[PDB]
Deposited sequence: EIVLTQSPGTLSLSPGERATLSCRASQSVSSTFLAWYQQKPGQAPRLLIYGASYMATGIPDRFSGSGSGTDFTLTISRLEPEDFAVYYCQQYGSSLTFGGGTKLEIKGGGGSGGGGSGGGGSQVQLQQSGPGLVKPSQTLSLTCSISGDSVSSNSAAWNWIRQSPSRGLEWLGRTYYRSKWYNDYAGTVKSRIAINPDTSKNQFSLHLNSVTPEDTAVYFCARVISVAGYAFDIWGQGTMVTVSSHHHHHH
């Protein structure tokens, strides 16, 4: 499944409305479309899951609609702080993000990231994401890893969870050289890459997903950048 962002770029003024559009290559029977808003220098924020239901602490201006192969987001009354970027994510037989639109105008659970930010090429990269406010072995949650680069956008790396024993999944691109390890004693989970390449320079986030909330990325991490260079 491939998601295409229909509007390229829009310039508006305070007061009026805005209309976005997201198009699917084929039908999404799972119907788990979600909308994220990202300010520069900050982690993305969740707005709508299930294409219609509102998230926590979100005003009523935002509205979502659509079904099948098309979806749309509507902004009733713009504000000067809405200088941001808006994405479009799906879940089902595959997990894919969208290109996203740049728009310009004229809390009880925390995730903390740690690890080196610079690595020698052809070495191992290790990151760790500590959890405060929950147990990593929860029955109804999954722990992901996301990375972003300007050339490729937002990319899904892998995930882990636990129902009766531990289960892992990884993206096809990175299957051969990725590992995710949990640690219940100190309540963390870590990501390891045995071999690294120059294009791997990107910014990484760790995220939590709740199954009953439309499989939407609820809580994100601080995120850190890694550059591969001599």
Deposited positions lacking CA coordinates: 1, 108-121, 246-251
